[PDB]
Amino acid sequence: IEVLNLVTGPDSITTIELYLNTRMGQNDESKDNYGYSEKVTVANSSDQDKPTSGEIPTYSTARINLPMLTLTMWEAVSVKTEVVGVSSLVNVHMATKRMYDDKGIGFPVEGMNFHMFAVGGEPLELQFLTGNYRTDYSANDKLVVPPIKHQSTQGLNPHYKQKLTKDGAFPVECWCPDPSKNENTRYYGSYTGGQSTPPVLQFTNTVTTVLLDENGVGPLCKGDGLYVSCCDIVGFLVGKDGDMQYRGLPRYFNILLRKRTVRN
Amino acid sequence: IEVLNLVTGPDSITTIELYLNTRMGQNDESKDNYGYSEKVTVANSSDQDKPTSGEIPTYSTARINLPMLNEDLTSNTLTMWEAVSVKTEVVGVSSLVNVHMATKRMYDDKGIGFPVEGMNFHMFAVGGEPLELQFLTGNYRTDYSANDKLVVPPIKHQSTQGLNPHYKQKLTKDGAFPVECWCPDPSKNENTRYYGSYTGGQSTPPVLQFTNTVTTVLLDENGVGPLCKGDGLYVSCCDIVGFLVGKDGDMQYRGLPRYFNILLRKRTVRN
Amino acid sequence: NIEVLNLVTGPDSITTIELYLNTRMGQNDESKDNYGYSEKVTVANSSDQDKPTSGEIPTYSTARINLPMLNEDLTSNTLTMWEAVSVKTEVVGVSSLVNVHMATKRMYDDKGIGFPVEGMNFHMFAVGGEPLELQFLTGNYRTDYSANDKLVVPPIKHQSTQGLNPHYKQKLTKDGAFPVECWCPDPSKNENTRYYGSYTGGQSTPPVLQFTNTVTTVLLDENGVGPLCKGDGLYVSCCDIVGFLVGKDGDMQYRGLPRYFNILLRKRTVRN
Amino acid sequence: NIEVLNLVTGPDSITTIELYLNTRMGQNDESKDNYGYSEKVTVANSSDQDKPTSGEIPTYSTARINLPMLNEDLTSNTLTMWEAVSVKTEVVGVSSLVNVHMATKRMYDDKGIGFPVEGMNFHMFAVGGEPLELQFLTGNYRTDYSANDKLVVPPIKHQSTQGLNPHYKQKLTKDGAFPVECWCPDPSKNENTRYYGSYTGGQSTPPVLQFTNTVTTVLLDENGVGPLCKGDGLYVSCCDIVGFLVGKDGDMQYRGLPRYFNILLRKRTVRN
Amino acid sequence: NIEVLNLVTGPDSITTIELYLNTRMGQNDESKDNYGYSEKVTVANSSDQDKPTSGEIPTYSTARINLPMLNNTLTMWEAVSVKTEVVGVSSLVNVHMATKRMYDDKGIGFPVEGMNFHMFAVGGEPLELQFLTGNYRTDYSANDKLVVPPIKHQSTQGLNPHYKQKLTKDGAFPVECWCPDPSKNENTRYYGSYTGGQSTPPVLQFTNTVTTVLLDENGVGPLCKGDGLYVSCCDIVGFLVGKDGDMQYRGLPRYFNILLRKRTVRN
Ligand SMILES: CC(=O)N[C@H]1[C@H]([C@H](O)[C@H](O)CO)O[C@@](O[C@@H]2[C@@H](O)[C@H](O)O[C@H](CO)[C@@H]2O)(C(=O)O)C[C@@H]1O
Ligand SMILES: CC(=O)N[C@H]1[C@H]([C@H](O)[C@H](O)CO)O[C@@](O[C@@H]2[C@@H](O)[C@H](O)O[C@H](CO)[C@@H]2O)(C(=O)O)C[C@@H]1O
Ligand SMILES: CC(=O)N[C@H]1[C@H]([C@H](O)[C@H](O)CO)O[C@@](O)(C(=O)O)C[C@@H]1O
């Protein structure tokens, strides 16, 4: 796409506001354990590594329809994004394991944190890479994973790619952003691991993330579609007996877009 | 609100100074355990999750009356106070340098008492109207009925473990809205600025700063600060600095007060 | 209160003050053992019998420094005041914490290192043109300080002092006497002082410390005005707790370090 | 050594190189199980019998990339060289660490999560116009590498190599062969290479990782000159250890992740 | 003392100095085993019998470098900036040494871990030291090569300005009782950090892309008196934990690339 000048004047700007609910594994808002995974299980061996249905976090994603419009395209300029419900983690009276010989607080949601978001003018492009090439996803046929397994996928094998085109279906554990593509998407992510690690989270309505690239051009929304993707794991809830479930939080987005003239 | 020009000259600026005491659960300044929660308890099961009265931190909030500007409210333009900036600090951080209280102690009862430690949660908001809240909870079934002074939704549903926009409120009462189930609504709060952080874990070291030298700008991207509707300035916060661990392992939230110095200027608006 | 006018320019319009303050951890006599540490920490049996032993309570370090006298003529329109512009401040003796051979508890079944000084860190300093203004606030309103009557504490106790009760205030006017645990900077005053503090808590937390002679802290406020030294007095306060020393039997003592200050001041005309 | 003149302008004066490098943790064959991990870690009985097993030691990843061929000769007054201006680099597959169902040790009496990959992190990359220059330095001068004759290590051992002995140098000229544990970037050379590295140690330390496609790292030095590609070769090197996988019985293996690079280069006139 | 005038411009007005300093953790002989480590740490039975063994005490590394000879005015070399790095960080990626190990003797060997102490100084004269110790009674007589004060006093657990020195000898001034004197060192820049605790993860960086500016607030760098450049450092990266729980400090070398320029001063 050859990018030309900005379209100026009234109605040259628009904003899109949305939220995405977490996809930790139990993704149905009407059912038990919503916003958590099912109980985590552990493989007996690497050749019998078959996660139960609903114990695997997936990416959240949506395509948003923009106002219908050389051609003109919507250009994403900036985004204000926040994790919602951080204060919900200030809760140590739930039915959990507890400190100091059953006299102390319940364990707060704690441990692994994974936070990412992406804003682009087309689906986020994915690279397959896994800690175990033999992982068997057949307990849940709604998960999108490659049809074949190979040893090489514990590293970067460029023959194993995808696009994030379905909410609550692409496991985070085996799909990551493809850094060799995504020219029309901006993504940002972080991971803090360990077993019981303190979550460290911020929330504010005052921070704007600029989406323009080094040439001053933001994602250009092909077919008037804006693509938003994320995942926000804030830790594990530790049940009385030591059973553990991922806990995720929703993410809010306020995206500013402007009209851009392009060739063709 | 259509915003017009700043009013210039003498008396076009004013400052508001206040503090808010913490609302950790024992919120009566004449009683023992003020500025702490009651002892934390743990639910027998998620269907019988009924916190005891006073064990739940709530937001601190106040509405401050500003100097009246408009004699006639029906005139063509009005003047409003616009919050430009705030200097805010947590008070009494040094109070956490105390390891001789009646607490669990280190090294086979020969070492220090456990300092207040663990979960930290720090947030403040300054706006021209009440902070707008979104309901979201770790347990949709939580039963708040041991304390009918707590403001919570009148019905519960599974969906509130995520973001369900049908469950909203406004922070209109001090010491009443639980932090654990209410957060700032990011889809609103156009006229409020809020800032918050959480550091979790069990025994985590608190990491705290205090200074009188930092100014937080409240002007938005268009150079407009919160506009104080009906000459009311709204200030909200929560500052949990950890748990006090009693001899037997019983634990209580500890909170600290927060100080605010807010600078405001006169702004002409269309009426 | 003070209407600030223009800077005085030219020779002798600038001066610098250099000092250090030794730590006041509880054993504050430089001729005795355990100097720069507290006495052994003790733990209350209950909150109504919370009576710290003499010398187990850290206090603020403070000093007033006399500046060159300026105004002989008090009848003119204007006076001159010293204005603190900036300070270079450092914790001294950080390297002293590189010591794991002292008589302490030790790692790995009595074969490993002695425990280094570790745990709670508390670091604050203040530079102002009058005494640091204090607010009382305590973790335990019933704390009984009467084992050491040299501590400056309020004469009455009340439940409300576990929060901010503005009836309980003081000024930091004595070195080694105001407990850190119950006095903090009063944020509703101190217009003429700049203070900076941090706390890192927990039980055995690694101290994280920096020392350099290359960092200048600007004391000017948002209007470009530094602390103005009333009666030609410069007030410097601090506290620097770097952790606990853990004795063989588990007995623990606060350890503090000295702080150095190099303060630059300039002449400022004010309205009289 | 190289006198740098003006930029060459006009068509074909810019070029970009894009690649990835797979990790070399020890099992470096992409057709075998445990690819991108080390073999099980073993521990020497004593420092004079410290002989790591074949495949348990991480090595640097490296490649030399051919750039569009330029004219080299002794007789011209000036030549053109490729100058590396900037690089976008990222660790790939960070999300793969969101996995606690692998056959591992587990939390809370066999009812909790599997241990995630955790512990030691080591992250470094280099971009230069010639091989990364290495300095030998080891925690144990007697380490015996003879279980794997494909490793490049010095032919003689000496006590002094537990410090900096400048007689022990090399160049990173082979992928998956130079152990991280005994080779580091030589800071006394590498004038024509930019390298960046970090280490976070400890036993079970949480990995702290970031990934984004929005960060450009400028390779120009303080004089505005990037690495100059001798013999039209661009050299890219890295190592990204993200922790250990802890097997059921406590057996542990290094885990590494691939790194992506997008390097921008421009034609530079130099004196010949 | 020194009135600083203008920079000398033109050819040969700049020079660079490059060196490294090997660590002085206690076993400071490069021909012997345990080089770049301390001897085994021992622990006093009481504070009045606190006598570290010979070789268990880290000391500062230091060197004086001779600059090109120059000389009403004189010319001095002015240190403008330094690129400095800890060398051999990657050496800490080693968990197969003869050490204590994780998970019931099946896991990794403990990496070097715990206390970190990192400092460097660049100046135009010896680094000026202040004595300060955690234990005034520490007895250094097991190693008479250590430079320590000849008398002990209670006051030295704080700042006693009567106890000073200059860092004039490599591998001799213990870190545990000497620190930079902040009341002097007008002609030296120093930078230091300490991360304590028992088993703390070391957190270390290495790059050849970071320049530290040595100019002060007035735009003046250290001025090299008698054409001498003084470089000092200490870089402790943790402890090696032996099979039996015996522990030794581990240190790493530091590299320096210092840029200097000619400065006219009043004579
Ligand atoms: C770093 C090192 O020297 N590793 C040794 C290794 C260790 O000494 C041992 O594994 C402790 O972790 O021992 C190796 O040889 C072993 C024999 O010494 C043992 O008696 O028999 C084993 C057979 O199951 C084993 O082969 C090893 O683990 O492979 C050799 C290695 O250099
Ligand atoms: C820091 C200190 O004072 N170190 C002592 C050391 C310690 O008291 C002890 O090793 C605890 O780690 O003791 C030294 O002398 C030892 C004798 O006290 C012991 O009875 O026998 C030991 C056998 O080697 C040894 O002689 C020491 O370990 O060298 C002396 C040292 O200054
Ligand atoms: C990753 C994996 O293979 N998980 C499997 C688990 C675990 O091996 C054990 O529960 C120990 O957690 O066992 C199952 O019978 C189960 O719980 O449904 C099958 C499941 O596929």
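When a ligand or atom number is given, it counts from 1 through the structure's own listing order. Worth knowing before you read on, the calculation uses all heavy atoms, side chains too, and leaves out hydrogens, waters and symmetry mates. The sequence lines fix the lettering, A, B, ..., with proteins before strands; numbering per chain opens at 1.
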So the atoms of ligand 1 within less than 4.0 Å of a heavy atom of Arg101(E) turn out to be 11 (C), 12 (O)

If we number the atoms of ligand 1 from 1 as shown, the ones under 4.0 Å from a heavy atom of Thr53(D) are 27 (C), 29 (O), 31 (C)

Quick check on contacts: which atoms of ligand 1 are under 4.0 angstrom from a heavy atom of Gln49(D)? 3 (O)

Taking only heavy atoms of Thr52(A), which atoms of ligand 3 are found under 4.0 Å from at least one of them? 16 (C), 18 (O), 20 (C)

Taking 4.0 Å as the limit for heavy-atom contacts, which would you say applies to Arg106(D) with ligand 3: side chain only, backbone only, both, or neither? side chain

Identify, by atom number and element, the atoms of ligand 3 in contact range of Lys50(A), meaning under 4.0 Å from any of its heavy atoms. 1 (C), 2 (C), 3 (O), 4 (N), 5 (C), 20 (C), 21 (O)

Heavy-atom distance to atom 6 (C) of ligand 3: which of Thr135(A), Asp243(A), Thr41(A) wins? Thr41(A)

Is a donor from one side chain sitting under 3.5 angstrom from an acceptor on the other, for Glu173(A) and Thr130(A)? no

Among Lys51(E), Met102(C), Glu56(E), whose heavy atom sits nearest atom 32 (O) of ligand 2? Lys51(E)

May I ask you to check if ligand 3 and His101(D) share an N or O to N or O distance below 3.5 Å? no

Mind telling me whether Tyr103(E) and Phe115(D) have parallel, tilted or perpendicular rings, with 30° and 60° as the class edges? tilted

For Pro52(D), the atoms of ligand 1 under 4.0 Å from one of its heavy atoms are 1 (C)

